[PDB]
Amino acid sequence: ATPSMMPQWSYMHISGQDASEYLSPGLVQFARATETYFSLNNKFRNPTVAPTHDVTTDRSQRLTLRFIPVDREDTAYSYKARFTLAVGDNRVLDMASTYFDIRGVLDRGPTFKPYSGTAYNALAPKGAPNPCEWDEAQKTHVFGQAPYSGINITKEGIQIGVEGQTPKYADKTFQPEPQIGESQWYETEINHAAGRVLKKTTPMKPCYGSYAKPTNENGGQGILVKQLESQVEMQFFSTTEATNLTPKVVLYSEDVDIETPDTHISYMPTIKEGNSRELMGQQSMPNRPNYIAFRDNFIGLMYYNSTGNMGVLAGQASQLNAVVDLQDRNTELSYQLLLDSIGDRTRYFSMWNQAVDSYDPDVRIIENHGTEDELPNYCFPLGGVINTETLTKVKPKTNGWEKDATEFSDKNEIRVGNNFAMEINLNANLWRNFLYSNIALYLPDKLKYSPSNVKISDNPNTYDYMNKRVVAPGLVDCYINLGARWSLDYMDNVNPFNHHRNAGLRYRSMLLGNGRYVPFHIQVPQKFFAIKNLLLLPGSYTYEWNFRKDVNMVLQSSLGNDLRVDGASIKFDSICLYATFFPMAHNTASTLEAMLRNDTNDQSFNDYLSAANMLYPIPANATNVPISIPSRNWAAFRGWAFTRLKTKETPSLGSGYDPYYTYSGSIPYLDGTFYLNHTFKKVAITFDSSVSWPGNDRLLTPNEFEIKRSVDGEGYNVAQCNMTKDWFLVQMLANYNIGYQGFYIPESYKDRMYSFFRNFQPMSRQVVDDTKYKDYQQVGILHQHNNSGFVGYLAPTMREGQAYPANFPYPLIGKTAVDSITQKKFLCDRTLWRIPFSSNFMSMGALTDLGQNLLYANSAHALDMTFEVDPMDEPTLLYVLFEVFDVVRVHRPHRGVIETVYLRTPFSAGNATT
Amino acid sequence: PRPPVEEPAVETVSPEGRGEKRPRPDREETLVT
Amino acid sequence: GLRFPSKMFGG
Amino acid sequence: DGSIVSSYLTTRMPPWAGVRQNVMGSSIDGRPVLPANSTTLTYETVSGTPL
């Protein structure tokens, strides 16, 4: 109301002084003394005031810009989009606000199943057939059902009701509906029933998983044939001993377009084609759930570290590329480990598709508590009782009894004794459904076997192979390692992230949708560290980038199947570069421009991984792995970090297209989902072909880094596992500076997701001893008959057998506990075995004391590291991080000039030869 | 990202932002680091 | 202390 | 009714689509677009043919 609002903004403390300034100096001195026991802090209003001038412009200027591609290109294997990243005068652009808005259509292929179970008749039994017809030696047999109860039956069909006096009969296209039957529980008489039965030309499927498309508006499915009229014939049935004749059951025969779009047959009884009686025993099993989606943080779209497909950021005057990418850099993993350190990695950010690959901890490490099934769980009939007998009311005489038929009827359904019931163990069935769906179906393929009478694919990287390999439920049944927190030895070397409980890929698949055909709209971040946080000064810059079209790289399936064979395809419609400018004032952004063009104000960046990446191949079942770095100035060396990979699961980057890479699961090289850490025995590091590192009698075994042991005579293991005491000391000092003043649980901010202690899980179980137990008999999976007559044999099919005392496993408890031996191991996922190049294995700075040592800085030393690993029957890799200082310094001296100097030490990418 | 620091050069860790017992909730008063 | 600014909705 | 239309204060027309009238629109190639009163314009819907 007042032209100068300041005298009453200062009075009410809207704009003015802090409470340290407007209060009396004795009250401020009082409130600081009593602050811990009598708070006067919130009793006084403290104003905060935004700056008016020289912060935000008043001119017409956009926050977000839209950059059309100047020069786009669609290869059959990649996509290239070239832009003009024009930063105008008195404007600054942080390249973190820049991203690519990619549109297109994603085809997930026929092998995508985003849900466990089936969509159609899931409550049906798996052996329950449809109402089907067949031929025997030829007569056409009918096995059907007539649930509807009408009024009368003539040759026109069943009478569903009247319209006045005219009998209005059932419309044969959709009536009688297969969902409508009796509503009462007691089996009253139906003299005029009807139902629907599939014809003999319709192929016989089980009810579980059966779908036919509806061919009219009223939902009545049936093949329309041109003459466009449905052929639904009526089939009248009567009593066997009745053959006047009145028909009792009318079955509307029909041809449907029947299909099982999300199930498969787990038991084919007959190899022959055509309908038969034996095909009522075929049993349907749901297909394995396959989550096909873009990777976490959009790994695999963008060509990083492929210098043949290297992107461009250069000014349009010079067009000299300021991006100098390298093949022994890992820009994807440097961005996966960066987001763990500066943020909560458990959270989900849908815009960058930031949903971390995370297995379920019950599935990886089986913590088998048994089942809480002390009470029997019974099912009961519809009216509580079915086997009542007929009795007659009897009144006493005036010993003596006589019939009372005046008030009570002579027929009374009265049950004598307990009612009928059947018993099911519910908690065991929920736990046996858990272990089979999550663990037994994810076993290695050497454990499984081919189904009988089912055509299976020959390519093992096809989903049709992985779906149909039938696995015995007795391998992982509800009694495996009872009371042992023990991951299976079969399941250690199997990727836990290729699973349908991978909650990241579970989230990233549903973020696109549930269908095969997904038109997507994605925002892909920039990960190259020199241009990831770069603040561009004004100028005209070209900004060119290569995108992948490889469906084994841009997509992630939860089984790891070859998505090129499995019909997955991606098509890019258009890509737009967006860039959000801060609306800075044109004199402030001219001062900031002029300050940041000095050669002392150069923006310098560092890759978060900061490592040289060397994949050393390991042959199949090869225990010893010798590597060799020939000769180098080892100045500014930080340390090592290593993890075994798989050659099947790791693509050779630098190649723009690998036609022999038949895998679309989690790539541990790119996302940080490392899981083969436990397969290391020892590391022997010897500098200069003579000097063992660290030397100095540092370790209890001073010549090498013993990571784990089988033979432990001298007693050097930690954590009730087989990890040694030297190696647990190093790994707690490398990550946490913990170990010289006692081992303790590190703080929650140092113990991130990809760290050691978050993921180190020690385990122990007891198995039977074949050397001490006297009555030991090796019983294979063919002859183990626990749950003998209540469980299907070697199959998820129907039960078979008799009730009988089990023979497997041997009891480890009780008075008859067998002679048992302890097997110890550990699993430590998601992490890299860090060995820091420090004289006390501690992090006292990023540039360590041995990297500054005059031994390694003024001389050239050889390096001969000798890894010893567990044998694996698969060609595996070895991913050693040679930790360096991958540092860029960026100079922009004039408008549109972008000069960068890259340098990493020791493993530099430029010497006098280049 | 970095704990608070005084500059007496030498570089001295500052004790501000640490947790204390307070009769009133500490988020409405201070920033707790 | 007394220098901490007052809690308001959105600023 | 007998009353005067319009006796209320008229706020001027917003210059964007879906406000001016509630007639069934049309796409750029002639496909029928439902009016702005429809429940199907509370989400977005996108079509795409695969490769």
# chains A, B, ... in the order shown; residues from 1 in each chain; ligands from 1
>>> residues_around(residues="region 637-654 of chain A", least_positions_apart="3", cutoff="6 Å", atoms="only C-alpha atoms", output="ChimeraX atom specification")
/A:306,634,667,676-677,832-837,851,875-884,906
>>> write_last_selection(atoms="N, CA and C atoms", output="PDB file, in the first residue's frame")
ATOM      1  N   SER A 306      35.027 -46.369 -28.138  1.00  0.00           N
ATOM      2  CA  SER A 306      35.248 -46.875 -29.482  1.00  0.00           C
ATOM      3  C   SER A 306      35.732 -45.689 -30.296  1.00  0.00           C
ATOM      4  N   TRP A 634      56.682 -45.713 -13.411  1.00  0.00           N
ATOM      5  CA  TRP A 634      55.528 -45.940 -12.549  1.00  0.00           C
ATOM      6  C   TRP A 634      55.222 -44.758 -11.640  1.00  0.00           C
ATOM      7  N   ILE A 667      26.064 -56.844 -18.467  1.00  0.00           N
ATOM      8  CA  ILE A 667      27.476 -56.822 -18.841  1.00  0.00           C
ATOM      9  C   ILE A 667      28.253 -56.271 -17.649  1.00  0.00           C
ATOM     10  N   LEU A 676      32.205 -62.519  -9.986  1.00  0.00           N
ATOM     11  CA  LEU A 676      33.186 -63.594  -9.946  1.00  0.00           C
ATOM     12  C   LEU A 676      34.384 -63.209  -9.087  1.00  0.00           C
ATOM     13  N   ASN A 677      34.147 -62.401  -8.051  1.00  0.00           N
ATOM     14  CA  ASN A 677      35.221 -61.998  -7.150  1.00  0.00           C
ATOM     15  C   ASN A 677      35.699 -63.148  -6.280  1.00  0.00           C
ATOM     16  N   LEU A 832      35.436 -54.610  -6.718  1.00  0.00           N
ATOM     17  CA  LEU A 832      36.725 -54.817  -7.354  1.00  0.00           C
ATOM     18  C   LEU A 832      37.744 -55.037  -6.249  1.00  0.00           C
ATOM     19  N   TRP A 833      38.615 -56.026  -6.413  1.00  0.00           N
ATOM     20  CA  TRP A 833      39.581 -56.322  -5.364  1.00  0.00           C
ATOM     21  C   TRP A 833      40.689 -55.280  -5.370  1.00  0.00           C
ATOM     22  N   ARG A 834      40.539 -54.240  -4.566  1.00  0.00           N
ATOM     23  CA  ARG A 834      41.480 -53.136  -4.569  1.00  0.00           C
ATOM     24  C   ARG A 834      42.742 -53.507  -3.801  1.00  0.00           C
ATOM     25  N   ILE A 835      43.888 -53.361  -4.459  1.00  0.00           N
ATOM     26  CA  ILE A 835      45.189 -53.434  -3.800  1.00  0.00           C
ATOM     27  C   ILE A 835      45.856 -52.079  -3.987  1.00  0.00           C
ATOM     28  N   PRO A 836      45.844 -51.194  -2.994  1.00  0.00           N
ATOM     29  CA  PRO A 836      46.369 -49.845  -3.212  1.00  0.00           C
ATOM     30  C   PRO A 836      47.887 -49.839  -3.252  1.00  0.00           C
ATOM     31  N   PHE A 837      48.433 -49.005  -4.132  1.00  0.00           N
ATOM     32  CA  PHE A 837      49.882 -48.865  -4.269  1.00  0.00           C
ATOM     33  C   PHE A 837      50.358 -47.816  -3.266  1.00  0.00           C
ATOM     34  N   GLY A 851      53.642 -43.567  -5.167  1.00  0.00           N
ATOM     35  CA  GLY A 851      53.589 -42.920  -6.464  1.00  0.00           C
ATOM     36  C   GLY A 851      54.454 -41.682  -6.531  1.00  0.00           C
ATOM     37  N   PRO A 875      35.398 -69.857 -21.128  1.00  0.00           N
ATOM     38  CA  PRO A 875      36.447 -68.848 -21.343  1.00  0.00           C
ATOM     39  C   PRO A 875      36.126 -67.560 -20.602  1.00  0.00           C
ATOM     40  N   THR A 876      36.982 -67.216 -19.648  1.00  0.00           N
ATOM     41  CA  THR A 876      36.804 -66.070 -18.775  1.00  0.00           C
ATOM     42  C   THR A 876      37.879 -65.026 -19.044  1.00  0.00           C
ATOM     43  N   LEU A 877      37.603 -63.799 -18.624  1.00  0.00           N
ATOM     44  CA  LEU A 877      38.538 -62.691 -18.749  1.00  0.00           C
ATOM     45  C   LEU A 877      39.088 -62.312 -17.381  1.00  0.00           C
ATOM     46  N   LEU A 878      39.957 -61.308 -17.377  1.00  0.00           N
ATOM     47  CA  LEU A 878      40.542 -60.778 -16.150  1.00  0.00           C
ATOM     48  C   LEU A 878      40.648 -59.273 -16.314  1.00  0.00           C
ATOM     49  N   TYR A 879      39.875 -58.534 -15.533  1.00  0.00           N
ATOM     50  CA  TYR A 879      39.723 -57.096 -15.720  1.00  0.00           C
ATOM     51  C   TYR A 879      40.504 -56.370 -14.635  1.00  0.00           C
ATOM     52  N   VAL A 880      41.748 -56.027 -14.944  1.00  0.00           N
ATOM     53  CA  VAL A 880      42.625 -55.363 -13.989  1.00  0.00           C
ATOM     54  C   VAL A 880      42.567 -53.863 -14.224  1.00  0.00           C
ATOM     55  N   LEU A 881      42.256 -53.109 -13.174  1.00  0.00           N
ATOM     56  CA  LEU A 881      42.306 -51.652 -13.217  1.00  0.00           C
ATOM     57  C   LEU A 881      43.713 -51.243 -12.811  1.00  0.00           C
ATOM     58  N   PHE A 882      44.460 -50.693 -13.753  1.00  0.00           N
ATOM     59  CA  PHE A 882      45.714 -50.032 -13.432  1.00  0.00           C
ATOM     60  C   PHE A 882      45.383 -48.576 -13.154  1.00  0.00           C
ATOM     61  N   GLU A 883      45.249 -48.232 -11.876  1.00  0.00           N
ATOM     62  CA  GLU A 883      44.711 -46.937 -11.482  1.00  0.00           C
ATOM     63  C   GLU A 883      45.705 -45.815 -11.760  1.00  0.00           C
ATOM     64  N   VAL A 884      45.249 -44.817 -12.516  1.00  0.00           N
ATOM     65  CA  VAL A 884      46.060 -43.730 -13.055  1.00  0.00           C
ATOM     66  C   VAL A 884      45.406 -42.411 -12.665  1.00  0.00           C
ATOM     67  N   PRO A 906      50.539 -43.451 -14.659  1.00  0.00           N
ATOM     68  CA  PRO A 906      51.670 -43.838 -15.510  1.00  0.00           C
ATOM     69  C   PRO A 906      51.318 -44.232 -16.939  1.00  0.00           C
TER      70      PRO A 906
END
>>> interface_residues(of="chain A", to="chain C", cutoff="12 Å", atoms="only C-alpha atoms", output="VMD selection string")
chain A and resid 13 to 23 25 27 to 36 38 to 50
>>> closest_residue(among="B:11, B:6, B:16, B:29", to="chain C", atoms="only C-alpha atoms")
B:29
>>> closest_residue(among="A:311, A:136, A:385, A:342", to="chain B", atoms="only C-alpha atoms")
A:342
>>> interface_residues(of="chain B", to="chain C", cutoff="10 Å", atoms="only C-alpha atoms", output="PyMOL selection string")
chain B and resi 27-31
>>> residues_around(residues="region 38-48 of chain D", least_positions_apart="6", cutoff="8 Å", atoms="only C-alpha atoms", output="PyMOL selection string")
chain A and resi 104-105+517-519
>>> write_last_selection(atoms="C-alpha atoms", output="tab-separated table (two decimals), in the first residue's frame")
chain	number	residue	atom	x	y	z
A	104	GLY	CA	11.85	-44.27	-31.94
A	105	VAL	CA	10.15	-47.65	-31.88
A	517	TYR	CA	5.87	-53.10	-29.46
A	518	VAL	CA	7.21	-50.10	-27.54
A	519	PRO	CA	7.49	-46.61	-29.07
>>> residues_around(residues="residue 19 (chain B)", least_positions_apart="3", cutoff="10 Å", atoms="only C-alpha atoms", output="VMD selection string")
chain B and resid 15 to 16 22 26 31 to 33
>>> residues_around(residues="residue 234 (chain A)", least_positions_apart="3", cutoff="10 Å", atoms="only C-alpha atoms", output="list in words")
residues 155, 156, 157, 158, 172, 196, 197, 231, 237, 250, 251, 252, 253 and 254 of chain A
>>> closest_atom_pairs(of="chain A", to="chain D", cutoff="12 Å", atoms="only C-alpha atoms", output="Markdown table")
| residue | atom | partner | partner_atom | distance |
| --- | --- | --- | --- | --- |
| A:76 | CA | D:51 | CA | 11.2 |
| A:103 | CA | D:48 | CA | 10.3 |
| A:104 | CA | D:48 | CA | 7.7 |
| A:105 | CA | D:50 | CA | 5.8 |
| A:106 | CA | D:50 | CA | 6.8 |
| A:107 | CA | D:50 | CA | 6.0 |
| A:108 | CA | D:50 | CA | 9.7 |
| A:109 | CA | D:50 | CA | 10.2 |
| A:516 | CA | D:50 | CA | 9.9 |
| A:517 | CA | D:50 | CA | 7.0 |
| A:518 | CA | D:48 | CA | 7.6 |
| A:519 | CA | D:48 | CA | 5.5 |
| A:520 | CA | D:46 | CA | 9.0 |
| A:521 | CA | D:46 | CA | 10.0 |
| A:549 | CA | D:51 | CA | 11.7 |
| A:567 | CA | D:51 | CA | 10.4 |
| A:568 | CA | D:51 | CA | 9.6 |
| A:569 | CA | D:51 | CA | 6.6 |
| A:570 | CA | D:51 | CA | 7.0 |
| A:571 | CA | D:51 | CA | 6.1 |
| A:572 | CA | D:51 | CA | 9.5 |
| A:573 | CA | D:48 | CA | 9.8 |
>>> write_last_selection(atoms="N, CA and C atoms", output="PDB file, in the first residue's frame")
ATOM      1  N   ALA A  76      22.836 -49.328 -40.750  1.00  0.00           N
ATOM      2  CA  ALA A  76      22.140 -50.535 -40.314  1.00  0.00           C
ATOM      3  C   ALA A  76      22.616 -51.023 -38.953  1.00  0.00           C
ATOM      4  N   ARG A 103      13.856 -40.444 -29.836  1.00  0.00           N
ATOM      5  CA  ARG A 103      12.562 -41.044 -30.115  1.00  0.00           C
ATOM      6  C   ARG A 103      12.746 -42.217 -31.065  1.00  0.00           C
ATOM      7  N   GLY A 104      11.772 -43.113 -31.077  1.00  0.00           N
ATOM      8  CA  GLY A 104      11.849 -44.267 -31.943  1.00  0.00           C
ATOM      9  C   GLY A 104      10.869 -45.337 -31.510  1.00  0.00           C
ATOM     10  N   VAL A 105      11.000 -46.498 -32.147  1.00  0.00           N
ATOM     11  CA  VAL A 105      10.148 -47.652 -31.883  1.00  0.00           C
ATOM     12  C   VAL A 105      11.048 -48.816 -31.499  1.00  0.00           C
ATOM     13  N   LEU A 106      10.782 -49.412 -30.342  1.00  0.00           N
ATOM     14  CA  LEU A 106      11.534 -50.557 -29.850  1.00  0.00           C
ATOM     15  C   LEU A 106      10.686 -51.812 -29.992  1.00  0.00           C
ATOM     16  N   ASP A 107      11.213 -52.804 -30.694  1.00  0.00           N
ATOM     17  CA  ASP A 107      10.590 -54.117 -30.769  1.00  0.00           C
ATOM     18  C   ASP A 107      11.341 -55.044 -29.825  1.00  0.00           C
ATOM     19  N   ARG A 108      10.620 -55.625 -28.875  1.00  0.00           N
ATOM     20  CA  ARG A 108      11.195 -56.517 -27.878  1.00  0.00           C
ATOM     21  C   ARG A 108      11.223 -57.974 -28.312  1.00  0.00           C
ATOM     22  N   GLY A 109      10.598 -58.317 -29.433  1.00  0.00           N
ATOM     23  CA  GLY A 109      10.658 -59.662 -29.950  1.00  0.00           C
ATOM     24  C   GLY A 109       9.655 -60.592 -29.304  1.00  0.00           C
ATOM     25  N   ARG A 516       5.094 -55.997 -26.476  1.00  0.00           N
ATOM     26  CA  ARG A 516       6.228 -56.262 -27.351  1.00  0.00           C
ATOM     27  C   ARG A 516       6.637 -55.013 -28.122  1.00  0.00           C
ATOM     28  N   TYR A 517       5.662 -54.211 -28.532  1.00  0.00           N
ATOM     29  CA  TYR A 517       5.865 -53.098 -29.458  1.00  0.00           C
ATOM     30  C   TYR A 517       5.875 -51.805 -28.653  1.00  0.00           C
ATOM     31  N   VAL A 518       7.065 -51.255 -28.419  1.00  0.00           N
ATOM     32  CA  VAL A 518       7.207 -50.097 -27.539  1.00  0.00           C
ATOM     33  C   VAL A 518       7.768 -48.899 -28.300  1.00  0.00           C
ATOM     34  N   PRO A 519       6.951 -47.916 -28.661  1.00  0.00           N
ATOM     35  CA  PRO A 519       7.487 -46.609 -29.069  1.00  0.00           C
ATOM     36  C   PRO A 519       7.993 -45.834 -27.862  1.00  0.00           C
ATOM     37  N   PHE A 520       9.306 -45.660 -27.787  1.00  0.00           N
ATOM     38  CA  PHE A 520       9.946 -45.103 -26.606  1.00  0.00           C
ATOM     39  C   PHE A 520      10.237 -43.620 -26.778  1.00  0.00           C
ATOM     40  N   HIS A 521      10.563 -42.980 -25.658  1.00  0.00           N
ATOM     41  CA  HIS A 521      10.906 -41.562 -25.644  1.00  0.00           C
ATOM     42  C   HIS A 521      11.869 -41.376 -24.478  1.00  0.00           C
ATOM     43  N   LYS A 549      22.807 -49.358 -32.513  1.00  0.00           N
ATOM     44  CA  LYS A 549      21.555 -50.033 -32.823  1.00  0.00           C
ATOM     45  C   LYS A 549      21.596 -51.510 -32.453  1.00  0.00           C
ATOM     46  N   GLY A 567      14.493 -61.818 -32.422  1.00  0.00           N
ATOM     47  CA  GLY A 567      13.569 -60.897 -33.056  1.00  0.00           C
ATOM     48  C   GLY A 567      13.486 -59.507 -32.472  1.00  0.00           C
ATOM     49  N   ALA A 568      14.354 -59.150 -31.534  1.00  0.00           N
ATOM     50  CA  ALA A 568      14.340 -57.796 -31.005  1.00  0.00           C
ATOM     51  C   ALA A 568      14.991 -56.840 -31.993  1.00  0.00           C
ATOM     52  N   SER A 569      14.392 -55.665 -32.152  1.00  0.00           N
ATOM     53  CA  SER A 569      14.877 -54.690 -33.116  1.00  0.00           C
ATOM     54  C   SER A 569      14.583 -53.290 -32.609  1.00  0.00           C
ATOM     55  N   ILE A 570      15.526 -52.379 -32.827  1.00  0.00           N
ATOM     56  CA  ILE A 570      15.377 -50.981 -32.450  1.00  0.00           C
ATOM     57  C   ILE A 570      15.478 -50.130 -33.712  1.00  0.00           C
ATOM     58  N   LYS A 571      14.689 -49.059 -33.758  1.00  0.00           N
ATOM     59  CA  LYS A 571      14.696 -48.119 -34.869  1.00  0.00           C
ATOM     60  C   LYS A 571      14.653 -46.717 -34.289  1.00  0.00           C
ATOM     61  N   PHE A 572      15.569 -45.855 -34.717  1.00  0.00           N
ATOM     62  CA  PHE A 572      15.620 -44.487 -34.220  1.00  0.00           C
ATOM     63  C   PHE A 572      14.912 -43.561 -35.200  1.00  0.00           C
ATOM     64  N   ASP A 573      13.853 -42.899 -34.731  1.00  0.00           N
ATOM     65  CA  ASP A 573      13.145 -41.947 -35.580  1.00  0.00           C
ATOM     66  C   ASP A 573      13.886 -40.618 -35.639  1.00  0.00           C
TER      67      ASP A 573
END
>>> atom_distance(atom1="CA of residue 699 (chain A)", atom2="CA of residue 763 (chain A)")
24.6 Å
>>> select_by_dssp(residues="region 605-825 of chain A", states="strand (DSSP E or B)", output="VMD selection string")
chain A and resid 605 to 606 611 to 615 618 624 to 626 629 to 632 639 to 646 676 680 to 687 691 to 693 705 to 706 708 717 723 to 724 760 to 768 820 to 825
>>> residues_around(residues="residue 326 (chain A)", least_positions_apart="3", cutoff="7 Å", atoms="only C-alpha atoms", output="PDB file with C-alpha atoms, in the first residue's frame")
ATOM      1  CA  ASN A 305      35.598 -45.879 -25.815  1.00  0.00           C
ATOM      2  CA  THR A 307      37.606 -44.487 -31.233  1.00  0.00           C
ATOM      3  CA  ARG A 329      39.139 -46.274 -20.625  1.00  0.00           C
TER       4      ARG A 329
END
>>> residues_around(residues="residue 221 (chain A)", least_positions_apart="4", cutoff="10 Å", atoms="only C-alpha atoms", output="ChimeraX atom specification")
/A:173-174,211-217,230,254-258
>>> write_last_selection(atoms="N, CA, C and O atoms", output="PDB file, in the first residue's frame")
ATOM      1  N   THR A 173     -23.519 -68.251 -31.264  1.00  0.00           N
ATOM      2  CA  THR A 173     -22.210 -67.632 -31.420  1.00  0.00           C
ATOM      3  C   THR A 173     -21.530 -67.415 -30.074  1.00  0.00           C
ATOM      4  O   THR A 173     -20.309 -67.573 -29.962  1.00  0.00           O
ATOM      5  N   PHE A 174     -22.293 -67.056 -29.039  1.00  0.00           N
ATOM      6  CA  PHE A 174     -21.718 -66.795 -27.723  1.00  0.00           C
ATOM      7  C   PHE A 174     -22.460 -67.439 -26.561  1.00  0.00           C
ATOM      8  O   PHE A 174     -21.856 -67.603 -25.495  1.00  0.00           O
ATOM      9  N   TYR A 211      -5.724 -69.591 -25.005  1.00  0.00           N
ATOM     10  CA  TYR A 211      -6.360 -68.369 -25.465  1.00  0.00           C
ATOM     11  C   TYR A 211      -6.842 -68.552 -26.893  1.00  0.00           C
ATOM     12  O   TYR A 211      -6.147 -69.143 -27.722  1.00  0.00           O
ATOM     13  N   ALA A 212      -8.039 -68.043 -27.169  1.00  0.00           N
ATOM     14  CA  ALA A 212      -8.522 -67.871 -28.529  1.00  0.00           C
ATOM     15  C   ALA A 212      -9.079 -66.463 -28.636  1.00  0.00           C
ATOM     16  O   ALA A 212      -9.649 -65.954 -27.669  1.00  0.00           O
ATOM     17  N   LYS A 213      -8.891 -65.823 -29.782  1.00  0.00           N
ATOM     18  CA  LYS A 213      -9.349 -64.451 -29.917  1.00  0.00           C
ATOM     19  C   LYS A 213     -10.871 -64.417 -30.060  1.00  0.00           C
ATOM     20  O   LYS A 213     -11.459 -65.308 -30.682  1.00  0.00           O
ATOM     21  N   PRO A 214     -11.542 -63.444 -29.446  1.00  0.00           N
ATOM     22  CA  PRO A 214     -12.988 -63.315 -29.653  1.00  0.00           C
ATOM     23  C   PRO A 214     -13.283 -62.777 -31.040  1.00  0.00           C
ATOM     24  O   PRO A 214     -12.606 -61.873 -31.534  1.00  0.00           O
ATOM     25  N   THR A 215     -14.302 -63.349 -31.675  1.00  0.00           N
ATOM     26  CA  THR A 215     -14.621 -63.033 -33.059  1.00  0.00           C
ATOM     27  C   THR A 215     -15.979 -62.365 -33.222  1.00  0.00           C
ATOM     28  O   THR A 215     -16.472 -62.253 -34.348  1.00  0.00           O
ATOM     29  N   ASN A 216     -16.593 -61.921 -32.129  1.00  0.00           N
ATOM     30  CA  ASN A 216     -17.788 -61.095 -32.182  1.00  0.00           C
ATOM     31  C   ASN A 216     -17.764 -60.132 -31.003  1.00  0.00           C
ATOM     32  O   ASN A 216     -16.899 -60.216 -30.127  1.00  0.00           O
ATOM     33  N   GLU A 217     -18.729 -59.210 -30.985  1.00  0.00           N
ATOM     34  CA  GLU A 217     -18.769 -58.194 -29.936  1.00  0.00           C
ATOM     35  C   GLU A 217     -19.150 -58.801 -28.591  1.00  0.00           C
ATOM     36  O   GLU A 217     -18.717 -58.309 -27.544  1.00  0.00           O
ATOM     37  N   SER A 230     -20.134 -67.921 -38.662  1.00  0.00           N
ATOM     38  CA  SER A 230     -19.528 -68.916 -37.791  1.00  0.00           C
ATOM     39  C   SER A 230     -20.161 -70.285 -38.000  1.00  0.00           C
ATOM     40  O   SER A 230     -21.384 -70.413 -38.088  1.00  0.00           O
ATOM     41  N   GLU A 254     -17.373 -76.182 -32.032  1.00  0.00           N
ATOM     42  CA  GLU A 254     -16.851 -75.011 -32.719  1.00  0.00           C
ATOM     43  C   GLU A 254     -15.359 -75.156 -32.987  1.00  0.00           C
ATOM     44  O   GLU A 254     -14.661 -75.946 -32.344  1.00  0.00           O
ATOM     45  N   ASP A 255     -14.884 -74.378 -33.952  1.00  0.00           N
ATOM     46  CA  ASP A 255     -13.463 -74.221 -34.224  1.00  0.00           C
ATOM     47  C   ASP A 255     -13.037 -72.850 -33.721  1.00  0.00           C
ATOM     48  O   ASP A 255     -13.612 -71.837 -34.125  1.00  0.00           O
ATOM     49  N   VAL A 256     -12.047 -72.821 -32.838  1.00  0.00           N
ATOM     50  CA  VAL A 256     -11.500 -71.570 -32.352  1.00  0.00           C
ATOM     51  C   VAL A 256     -10.060 -71.455 -32.828  1.00  0.00           C
ATOM     52  O   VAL A 256      -9.417 -72.438 -33.203  1.00  0.00           O
ATOM     53  N   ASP A 257      -9.549 -70.226 -32.827  1.00  0.00           N
ATOM     54  CA  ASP A 257      -8.143 -69.979 -33.145  1.00  0.00           C
ATOM     55  C   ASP A 257      -7.341 -70.069 -31.847  1.00  0.00           C
ATOM     56  O   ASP A 257      -6.850 -69.081 -31.300  1.00  0.00           O
ATOM     57  N   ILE A 258      -7.226 -71.304 -31.352  1.00  0.00           N
ATOM     58  CA  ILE A 258      -6.652 -71.536 -30.035  1.00  0.00           C
ATOM     59  C   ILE A 258      -5.140 -71.375 -30.105  1.00  0.00           C
ATOM     60  O   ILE A 258      -4.507 -71.664 -31.131  1.00  0.00           O
TER      61      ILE A 258
END
>>> atom_distance(atom1="CA of residue 279 (chain A)", atom2="CA of residue 476 (chain A)")
29.4 Å
>>> atom_distance(atom1="CA of residue 711 (chain A)", atom2="CA of residue 680 (chain A)")
14.7 Å
>>> select_by_dssp(residues="region 505-694 of chain A", states="helix (DSSP H, G or I)", output="ChimeraX atom specification")
/A:505-510,588-595,668-671,677-679
>>> write_last_selection(atoms="C-alpha atoms", output="short mmCIF file (atom, residue, chain, number, x, y, z; two decimals), in the first residue's frame")
data_model
loop_
_atom_site.label_atom_id
_atom_site.label_comp_id
_atom_site.auth_asym_id
_atom_site.auth_seq_id
_atom_site.Cartn_x
_atom_site.Cartn_y
_atom_site.Cartn_z
CA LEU A 505 15.59 -54.46 -14.85
CA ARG A 506 12.16 -55.20 -13.38
CA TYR A 507 11.74 -51.42 -13.08
CA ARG A 508 13.37 -50.57 -16.41
CA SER A 509 11.12 -52.99 -18.31
CA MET A 510 7.87 -51.71 -16.82
CA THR A 588 27.48 -11.14 -14.96
CA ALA A 589 27.80 -13.76 -17.71
CA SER A 590 30.25 -11.48 -19.51
CA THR A 591 32.39 -11.25 -16.38
CA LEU A 592 32.20 -15.02 -15.83
CA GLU A 593 33.08 -15.57 -19.49
CA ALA A 594 36.07 -13.23 -19.24
CA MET A 595 37.33 -14.82 -16.02
CA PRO A 668 29.65 -56.61 -15.68
CA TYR A 669 32.39 -54.75 -17.56
CA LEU A 670 30.04 -51.80 -18.13
CA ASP A 671 27.59 -51.64 -15.21
CA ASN A 677 35.22 -62.00 -7.15
CA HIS A 678 35.13 -65.17 -5.05
CA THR A 679 37.04 -67.20 -7.68
#
